[PDB]
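These protein sequences, in sequence, are chains A and B.
FYI, the numbering for the first sequence is 57 to 188, 193 to 209, going by the entry's author numbering.
FYI, the numbering for the second sequence is 57 to 188, 193 to 209, going by the entry's author numbering.
A short write-up of the structure that comes next.
2 protein chains.
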Amino acid sequence: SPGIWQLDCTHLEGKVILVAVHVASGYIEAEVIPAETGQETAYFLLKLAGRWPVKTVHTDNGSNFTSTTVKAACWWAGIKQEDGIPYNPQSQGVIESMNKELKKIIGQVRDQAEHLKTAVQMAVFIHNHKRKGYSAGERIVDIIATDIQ
Amino acid sequence: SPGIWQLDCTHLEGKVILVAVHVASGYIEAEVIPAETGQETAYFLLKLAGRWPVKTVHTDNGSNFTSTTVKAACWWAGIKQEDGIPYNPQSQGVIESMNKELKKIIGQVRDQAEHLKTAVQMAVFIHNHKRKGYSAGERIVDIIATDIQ
Ligand SMILES: Cc1cc(CO)nn1-c1ccccc1CN
Ligand SMILES: Cc1cc(CO)nn1-c1ccccc1CN
C-alpha cells in the first residue's frame with residue numbers, strides 16, 4: 057500500500073486535468089494536457105515514478121489500461137499496471153469528491169493565474185498542504205519512510 | 057536542511073534543462089524548457105513546492121534571484137529565496153558532476169526516446185533510483205520523515 061497510486065482524469069475549461077492520487081495518503085500530482093492520449097498518460101507516469109516509488113497504478117479507464125504506450129511506460133518504470141474497477145464502491149465517491157474539491161480550489165485561485173496550468177499547480181499545492193491534523197504531504201512521506209524502515 | 061533545494065540550469069541539444077536538487081539527499085526533479093525565463097522558473101518552483109516541503113531555494117543565477125516573477129512565486133509558495141553563491145567551493149564541483157552524470161544518462165537512453173523531455177525524465181528516474193547503499197529517493201523521504209517526527 058505505500059506504492060499504490062490511482063489515475064484520475066477530470067475536465068475544466070475545455071481542457072483535461074490528469075491526476076495521480078497516492079491512495080493511502082490522499083497526496084496528488086496533476087498536470088493539464090490538451091487531451092488524454094496514451095502518450096500523454098505514459099509520459100505523466102514516467103514523471104511520477106521518477107519522483108515517488110510507484111509499485112502499482114490503477115488506471116483511470118479501459119483505454120489507458122489497453123494502451124500499448126501506457127503498458128510500455130509501466131514496463132519501463134517498473135510499475136504494475138492494473139484496472140481501476142471500484143470493487144470497494146466508496147472509491148467512486150472518494151475520487152468524485154476530490155475532483156470537486158480540486159475544481160473548487162481552482163476557482164478560488166485564477167483571479168491570480170492567467171493560465172489554467174498555473175491554477176492547477178496552485179491547487180495541487182493547497183491540496184497537499186491542507187491539514188485534515194496532518195497534511196497529505198506529511199502522510200505520504202511517513203507512510204513511505206515507515207515502509208523503507 | 058530537510059527543506060533546502062538548489063536550482064541548476066544546464067543545456068543540451070540547443071535546449072534548456074532546469075533542475076532542482078534536494079541538497080541533503082541528491083534527489084532531483086527536472087524539466088526541459090525552451091528558455092530559462094523568470095516565468096518558467098517560477099512555474100517550476102510552484103510545481104516543486106506543491107510536491108515537497110520546500111523551505112529554501114538557492115537560485116541558480118542572479119537573473120532568477122532578481123526576477124520579480126520568481127520572487128512572486130517564492131512568496132506564493134512560502135519559499136525563502138536565496139542566492140546560490142558557493143561559499144563552500146565544493147558546491148560548484150558537486151553541481152558540475154551532477155550535470156555530467158545527467159547528460160551521460162540522457163545519452164544512454166537517448167535512442168529509446170524521440171523527444172529530449174522523455175529522455176530527461178528517464179534520467180531523473182535512473183538518478184533518483186540509483187543505489188550509492194540507499195538511493196536519493198530513499199534518502200529524501202527518510203530525511204523529511206525524521207524532520208516531521
Ligand atoms: C517511459 C516512456 C514514456 C513514454 C511516453 O513519453 N514512452 N515511454 C517509453 C517506454 C518504453 C520504451 C520507450 C519509451 C519512450 N518512447
Ligand atoms: C506561483 C506562481 C507561479 C507563476 C508563474 O507561472 N506565477 N505565480 C504567481 C505568484 C504570485 C501571484 C500570482 C502568480 C500567478 N501568475
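Note that beta-carbon positions come from the ideal geometry of N, C-alpha and C, so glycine has one too.
Roughly how far, in whole angstroms, is the beta-carbon of residue 135/B from the beta-carbon of residue 101/B, given that I think they are within contact range, below 8 Å? 7 Å
Hey, residue 201/B and residue 86/B: beta-carbon distance below 7 Å or not? no
Which whole-angstrom value describes the C-beta separation of residue 90/B and residue 77/B, a residue pair presumed to lie in contact below a C-beta threshold of 8 Å? That pair is no contact at about 22 Å.
Helix, strand or coil at residue 209/A according to DSSP, with G and I counted as helix: coil
Assign residue 106/B to buried or exposed, taking buried as 16 or more other Cβ atoms, counted over all protein chains shown, within 10 Å of its Cβ. buried
Residue from 198/A, 157/A and 57/A with nearest C-alpha to residue 111/A: 57/A
Would residue 106/A count as contacting chain B if we go by Cβ distances under 7 Å? yes
Could you check where the alpha helix (DSSP H) with residue 186/A kicks off and where it finishes? Counting along the chain, residue 186/A falls outside any alpha helix (DSSP H), and DSSP gives it neither H nor E.
So, helix, strand or coil for residue 133/B, using DSSP? helix
By a C-beta neighbour count over all protein chains shown, 10 Å radius and 16 as the cutoff for buried, is residue 103/A buried or exposed? buried
Kindly indicate which residue of 177/A, 163/A and 67/A has the alpha-carbon position closest to the one of residue 133/B. 177/A
Beta-carbon separation (whole angstroms), residue 140/B vs residue 116/B, contact threshold 8 Å: 6 Å
Range covered by the alpha helix (DSSP H) that runs through residue 157/A: 146 to 164
For residue 195/A: DSSP bridge partner residues: 187/A
Return the CA-CA distance between residue 108/A and residue 156/A, expressed in angstroms with no decimal places. 25 Å
Our contact map puts residue 83/A next to residue 199/A with C-beta atoms below 8 Å; I'd like the distance itself, whole angstroms only. 7 Å
What separation, rounded to the nearest whole angstrom, lies between the Cα atoms of residue 175/B and residue 165/B? 6 Å
Nonlocal neighbours in the same chain, by C-beta distance under 6 Å from residue 158/B, ignoring five residues either side: 179
Considering just the uninterrupted stretch of the beta strand (DSSP E) at residue 103/B, what are its terminal residues? No beta strand (DSSP E) holds residue 103/B; the alpha helix (DSSP H) holding it covers 94 to 107.
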